[PDB]
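Breakdown of the fold
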Amino acid sequence: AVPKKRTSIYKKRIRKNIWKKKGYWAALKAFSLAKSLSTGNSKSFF
Amino acid sequence: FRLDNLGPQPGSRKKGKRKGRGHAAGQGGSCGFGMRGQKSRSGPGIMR
Amino acid sequence: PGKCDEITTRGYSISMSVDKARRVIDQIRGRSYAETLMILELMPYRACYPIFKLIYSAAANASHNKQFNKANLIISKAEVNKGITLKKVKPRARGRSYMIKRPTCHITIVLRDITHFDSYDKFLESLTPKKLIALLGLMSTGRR
Amino acid sequence: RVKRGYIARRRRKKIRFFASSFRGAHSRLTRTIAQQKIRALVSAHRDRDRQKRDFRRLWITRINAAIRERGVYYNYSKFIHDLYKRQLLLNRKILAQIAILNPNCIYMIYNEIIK
Amino acid sequence: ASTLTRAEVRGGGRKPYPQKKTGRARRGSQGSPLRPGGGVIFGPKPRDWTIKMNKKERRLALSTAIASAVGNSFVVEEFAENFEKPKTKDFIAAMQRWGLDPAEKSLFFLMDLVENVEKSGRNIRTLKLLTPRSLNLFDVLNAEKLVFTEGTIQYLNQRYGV
Amino acid sequence: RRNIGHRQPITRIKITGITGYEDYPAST
Amino acid sequence: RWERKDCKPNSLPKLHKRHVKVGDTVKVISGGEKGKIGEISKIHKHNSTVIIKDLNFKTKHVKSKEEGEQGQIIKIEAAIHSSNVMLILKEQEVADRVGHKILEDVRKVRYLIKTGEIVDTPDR
RNA sequence: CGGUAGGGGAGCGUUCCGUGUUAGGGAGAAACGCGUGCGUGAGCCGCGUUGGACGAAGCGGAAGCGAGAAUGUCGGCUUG
RNA sequence: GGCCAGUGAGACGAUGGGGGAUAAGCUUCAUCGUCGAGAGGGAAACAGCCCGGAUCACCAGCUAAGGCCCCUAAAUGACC
RNA sequence: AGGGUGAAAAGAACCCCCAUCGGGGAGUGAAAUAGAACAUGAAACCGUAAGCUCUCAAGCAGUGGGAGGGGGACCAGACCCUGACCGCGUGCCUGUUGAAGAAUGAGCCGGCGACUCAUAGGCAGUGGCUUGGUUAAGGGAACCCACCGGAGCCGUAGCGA
RNA sequence: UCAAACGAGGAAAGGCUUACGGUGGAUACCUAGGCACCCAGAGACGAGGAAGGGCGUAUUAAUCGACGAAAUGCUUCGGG
């Protein structure tokens, strides 16, 4: 359970950039919702 | 003789050897006392 | 310095973590003020709102310090750095105590208008270099 | 008579500057910068003596592969048979260099070793 | 020069934490010299020594310094002073007329120490008066320019003869 | 451990021309 | 600012002895505003500094009111040190040092050491 | 003319002191960073759109004098 | 002789033996070789086996031990 | 445990973002990249931009050779950066007969951190006197010191209890 | 046009180098504060209420110093 050693700058920038790329994937969805929130007949967002 | 140009003769004052300052100096590491025993430990040591 | 093109806006050590501010700041890089205006209206992050406050107070800065428009204005770099981290000695069981660090950011966002010449043709002219300083202000692949 | 100093940082900054392009904590982290200076210099030793040995090996196999293009069974050993019997003192395996930079001239070498 | 060793500081003379069952070194004092809170090793005690040097080696050192002082045009020579109204203008004027700059760090000494030259000489920095009561070697081996009087050249030959 | 260094005393030579070579030709 | 507060032997601040009184005509000797005459206005004995009229110009910005109105820009003098000034008689225009003449009465007055007049002002 | 424990010889560097209110230095000292330079090496010398007031060399002396190790130790910051 | 150190836990290999079970990379001795304190080459790797004693440089040549089908330098060499 | 903006608070009038904190102009200043977390600011650490390059690859991350590519260049053959691929290379210290060791130690970076001082004996090297050598305590223009101060010490004769 | 051969050229996190930034307070220059000697002097004070404190005193916050219902001070004699 206890880690034997530490990680490099290598593997950490890989994992942190996979985390922040996983943050990248959930804003073109927000760009699509922000673009559909604009002028148009949409039956949502009262 | 000025205050500038005075210097002792060679051999008159050797430098005191410092111990434990590097192995290239001559007496680095264990400072010239082997590995263990009463000769390496610090204190009065052995009665002569 | 780019010959008077960019607008640099710094930020206080705001009371949140640097990494989530770096995913929300690595989203909005390269996109202009309208797209970041509509995305940061609707991004589901708590780190979204001071970033949107600094973009809004950065382009309003770019429209009041300079005299630009909020449509031809792209985000240039938007770097987020570390700040001061507080230390919170929080007790935990079996007589232990853990340092819980309260992290702060340091946001510096640079904005970039397009103040262009848009020259007619490409064809090189190796004459009058004291006009070649002024005719070329921001291009690519500089030879010699 | 306090003696705080800076000489460990120049002592250490020189070794820091030598350890560039070492891929990670061998290029940044001081307590490995030292032993990569050390192991890099002994790597320079053994790879220098074995670059003498290794280029000897490379010219041996290169002129062997040049002589074996005749088709008839003339090895590299027979080229030295009739390279020292016909008195050519010590061409120093640089005929493995002009064997590719001057292949007609090494054909003149070998075709005068035959006669 | 002084420093406080391990036995003097007001740090603890207690065992701070027990000998085992803790992953940490065996640190038995908070005023330990390994810990920068106090306590040093082998620092300077205030030492008031006695480096004795031989008499007839030091007399020969003075005689060698004054002996090498003359000959290379570093010695001109005066004999008398009578300074009514001691006012440092006839002193620096006679100093100029003897061929000595006031800034070139000369040194000169006189018999009996008459008061009107101690009074007119102690303000210029580059020279200080001496006397056979107070003739040292370090102040005279500046050796730029240095003068004698007849009682000091015949007292000086009277003492360091042959 | 021993740090020593070595500066080999070398000499650069520029070449003028080659002559005196007109005996026993061996063209193929 | 504890490095610059007043030193206090027995709770009272150590006040310096100086050579400039109020109502005197000082000249700036060397520093900055060199070579211009002036009266002095307010005195600061602990710093050994003196503010003098209409020469030292420190344009300072003051939030004026509590309603956020008119925010005035006030041009206020600062403290030049007391060793950077001399005294001036208006009869011989020359910056001179000081001296304490003891005249025929009991009082002791200031004196320009090169000219022959008295700095000291009567009761008016 | 390999070398551990070890012994001897010769040197570099640091801060202070004598020369020294030294030469030099807001026309940029120390620092920090730099080298297509020199040394057997400890290191020197030179260059810096950084920094802003001190301080060399030579000839000498004295050390709280040289760091990669002590489950060292004190601050800073990582890993998970 | 003067001053002045370490070392006094050894290991394997050949020979001469004792203990053992002529068992142990076992234990104790006696002479020698290596390692210790010895790099390089051969031994696939591999302290003690063989050659061999590294001041340094060369994009020099000849060899010892050992090898010459390919990986991997040199003979798919010759004759019994 | 926590010192040092400037020379002088001259500590930012006014405009914009705005609930503040903060930020940008403008103004002070020689310096505002000296802005109150404020003097030089290094390493670990976190980043962003530019050049080369990694997704059939086994490696104490190097080193020798160097494909391809990039940069300024002037002794344009040189220099620096990247690294297709091949050979070779069992972290450092401690301490053992023997450690890459799966024996110990260290997360990392920077500082602090260890044969030192007093007084004696012995020997060596450099001196000063050999009309034998040398002073201690003490006195001294505040200290050091010139000059005294021959008390003592050492060598001059040994043998024996 | 088809078949066969090769896998270039731009291709991602990242790796290296370089440049610019942020946390950080080592280095350099100081000081506002300490340490040790030398020369003198003093080791005094207190029932005439001490060393040390508590509370309080200024026109108006807190803290420290001074002071004590005569309180951010008073009388006399001198200096200024």
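Below is a summary of the structure that appears in this document.

About the criteria used
- Residues numbered from 1 in each chain as written, not as in the entry; some residues may be left out.
- Chains lettered and ligands numbered in written order.
- Part of a larger assembly, values for the part shown.
- Heavy atoms only, no water.
- Helix = DSSP H or I, 4+ residues; strand = E, 2+ residues; numbered from the N terminus.
- Rg over C-alpha atoms; globule rule 2.2 N^0.38 Å.
- Buried < 20%, exposed > 50% of the residue type's maximum accessible area, 1.4 Å probe, protein only.
- Contact = heavy atoms within 4.5 Å.
- Areas by Shrake-Rupley, 256 points an atom, 1.4 Å probe, with all protein chains shown as cover.
- Buried area = accessible area lost by both parts, 1.4 Å probe.
- Polar contact = N/O pair within 3.5 Å; in protein donor to acceptor, adjacent residues only side chain to side chain.
- Nonpolar A, V, L, I, M, F, W, Y, C, P; charged D, E, K, R; others polar.
- Pairing = 2+ DSSP bridges.
- Patch = residues over 30% accessible without salt bridge, like charges linked within 9 Å, V, L, I, M, F, W, Y side chains within 5 Å.
- Salt bridge = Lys/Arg side-chain N within 4 Å of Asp/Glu carboxyl O.
- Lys, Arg positive; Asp, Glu negative; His and termini not counted.
- Charge placed at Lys NZ, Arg CZ, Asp CG, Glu CD.

1. Remarks on the overall build of chain D
For chain D, the count of helices and strands is five helices and zero strands. Along chain D, from the amino end to the carboxyl end, the secondary structure elements read α-α-α-α-α. For a compact globule of 115 residues, the expected C-alpha radius of gyration is about 13 Å, and chain D comes in at 25 Å, more than 25% above that figure. If one aligns the C-alpha atoms of chain D with their principal axes, the spans along those axes are about 85 × 30 × 20 Å. The proportion of buried residues among the 115 residues of chain D is 16%. Here the contacts in chain D between residues at least 6 apart in sequence split such that 43% fall between residues at least 24 apart. A total accessible area of about 9800 Å² is found for chain D, and carbon and sulfur atoms account for 55% of it.

2. What about the interface of chain A and chain C?
Between chain A and chain C, the contact holds 12 residues from the first and 12 residues from the second. Of all residues in chain A, the largest losses of buried area upon contact with chain C belong to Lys20, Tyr24 and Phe31 of chain A, amounting jointly to 39% of the total for that side. For the pair chain A and chain C, the number of links is one residue pair in polar contact. Those elements that place two or more of their residues in the side of chain A that touches chain C are α1 (9-24) and α2 (28-36) of chain A. In terms of residue count, α1 of chain A provides more of the side of chain A that touches chain C than any other element does, five residues in total. Looking at side-chain class alone, the side of chain A that touches chain C contains nine nonpolar, one polar and two charged residues.

3. Observations regarding the sheet that holds strand β2 (residues 129-130) of chain E
The strands that make up a sheet are held in pairs by hydrogen bonds between backbone atoms, and each pair lies either parallel or antiparallel. Residue and element names in this part refer to chain E. Spatially, the three strands line up as an open sheet ordered β2-β1-β3, and their pairing is parallel. At either end of the open sheet lies a strand with only one pairing partner, and these are β2 and β3 (146-147). Note: strand β1 (residues 107-109) against β2, two bridges, orientation parallel. Paired with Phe108 across the strands is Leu129, a residue of β2.

4. Here's the deal with a positive patch on the surface
On the surface, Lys4, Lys5, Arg6, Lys12 and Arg13 of chain A, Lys82, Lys87 and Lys101 of chain C together with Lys13, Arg16 and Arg28 of chain D cluster together into a positively charged patch. Only α1 of chain A together with α1 (7-18) of chain D provide two or more residues apiece to the positive patch. Within the fold, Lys4 of chain A resides in the segment before α1.

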